[PDB]
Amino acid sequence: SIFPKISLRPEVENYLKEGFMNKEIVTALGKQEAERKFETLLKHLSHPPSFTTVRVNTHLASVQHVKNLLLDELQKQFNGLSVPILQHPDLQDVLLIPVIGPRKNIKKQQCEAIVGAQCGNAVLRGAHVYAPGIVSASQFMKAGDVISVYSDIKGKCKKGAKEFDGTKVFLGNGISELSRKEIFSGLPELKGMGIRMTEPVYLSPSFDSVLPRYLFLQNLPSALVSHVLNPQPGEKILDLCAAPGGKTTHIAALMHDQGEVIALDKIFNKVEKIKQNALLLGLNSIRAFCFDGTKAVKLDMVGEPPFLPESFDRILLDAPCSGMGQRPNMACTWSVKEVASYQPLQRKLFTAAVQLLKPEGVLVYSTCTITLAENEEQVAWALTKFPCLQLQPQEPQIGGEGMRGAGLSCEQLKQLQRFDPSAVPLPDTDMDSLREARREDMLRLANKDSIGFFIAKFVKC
């Protein structure tokens, strides 16, 4: 609708093109169709998901209670607007709030401000602009000025600049709470509110300091993964790549905090974020460690990692990925070598995971990318190198089936869960569209118009 295609390097876009236009897809669909599918995808990746999905912390508050509190909250934030809060029938602990946008009738002010691309993407998802996000502002900006926020999607604005000739994207208008001086004078690493969004292009609730113990902002497929893994209370679970611990805390909540959830991560601060989250939401079965997942299998001769092989009941490999399925992602200035730089690491982590898995155990491999080399190909490779593993059907089945190209059978592809951003057209929701909307339409919208994601389920013998 409103935004152009995702600004990719020619080589990168041609890489992905090679991915989506392979011999098998061309055979089963034709070039004229597959190409349009690809372009539709690239057109969709620039726009926010049409649904703000919120995971309920069932270990501290029920879904009903949280829903009511969030009704009061939306009553407060939207000055008494009327947006519904659906409850997913398949994902029992997930709430859905529709996104009101885009709004093309926003009048652009003269006082401007430029945020980081990531900050912009956050704002489109219903976030305000906090001080560390602003990388540019009109030199005459005072606290209280109604300013227009623009997103430096290319990430080319050098911080502190008073002018920018590069690529900007209008995010909406907001009331500033800081002058340009207060932000760029001296070097105070200051925090807090910077720009209170009052007229965003996409209208979504702000989830900063609201019910921190009860909520967790989480994409629908991400919340789905922990359900697919299906952890039972009392088991031993381990997710190699865990931080900041969304799926970790979710797993812990699904087990009623009864069992043992070991979370690993490579970066220290990230592990600290895991611990902070677990302590916040009230989960005690979570134990986080700063450790290389590729070297997590015991070899030398000495409860901390590394662990003995076949010592975990269930393992979640939420492997690091290109993140090409991210929405909204209006631009990506990556090298092709950078985009395809993940398959080896994913394979190492996968091997380490299989070694650490008990027989009859479950291994769930999940990415947030769209590439074949990081998804279906990794499944084929996994089923080839490890013959003990065997692909399993999943519950709940929500996303589409696997993409042809890895040489898998249709029976195998039906057991994968690939979420396609180009599944359904972009819904330009407004209040009139809200009122005359069948619920079964909204649910399908929430299930289809999502970020790029891929889930695969394995069992050991």
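Residue positions are given as counts along the sequence shown, with the first one as 1.
A.B. asks: Go through the other compared entries with residues on either side of residue 411 and state whether a third or more give it no coordinates.
C.D. replies: Residue 411: modelled in every other compared entry.
A.B. asks: Relative to the other PDB entries of this protein in the set, is residue 299 coordinate-less in at least a third?
C.D. replies: Yes, residue 299 lacks coordinates in at least a third of the other compared entries that model both of its neighbours.
A.B. asks: Check the entry and tell me how many residues of the deposited sequence have no coordinates between residue 302 and residue 303: none, 1 to 3, 4 to 9, or 10 or more.
C.D. replies: In the record, 4 to 9 residues between residue 302 and residue 303 lack coordinates.
A.B. asks: Which has the higher mean CA temperature factor in the PDB entry, 395-403 or 31-39?
C.D. replies: According to the entry, 31-39 carries the higher average C-alpha B-factor.
A.B. asks: Which has higher Cα B-factors on average according to the PDB entry: 373-381 or 245-253?
C.D. replies: Stretch with the higher mean C-alpha B-factor: 373-381.
A.B. asks: Which listed residue, 182, 313, 265, 318, has the largest C-alpha temperature factor in the record?
C.D. replies: The listed residue with the largest C-alpha B-factor is 182.
A.B. asks: Could you check 198, 226, 209, 151 and tell me which one carries the biggest Cα B-factor in the deposited entry?
C.D. replies: When the deposited C-alpha B-factors of 198, 226, 209, 151 are compared, 209 is largest.
A.B. asks: Based on the deposited C-alpha B factors for this chain, I'd like to know if residue 307 is in the lowest, middle or highest third.
C.D. replies: Tercile = highest for this residue's CA B-factor.
A.B. asks: Comparing residue 291 with the other modelled residues of its chain, is its CA B-factor in the lowest, middle or highest third?
C.D. replies: CA B-factor rank for residue 291: middle third.
A.B. asks: When the deposited Cα B-factors of this chain's modelled residues are ordered and cut into thirds, is residue 285 in the lowest, the middle or the highest one?
C.D. replies: Lowest third - that is where residue 285 ends up once the chain's C-alpha B-factors are sorted.
A.B. asks: Using the B-factors in the PDB entry, rank residue 437's C-alpha atom against the chain and give the third, lowest, middle or highest.
C.D. replies: According to the entry, residue 437 has a C-alpha B-factor in the chain's highest third.
A.B. asks: What third of its chain, lowest, middle or highest, does the C-alpha temperature factor of residue 8 fall into?
C.D. replies: Ranked within chain, residue 8 CA B lands in the middle tercile.
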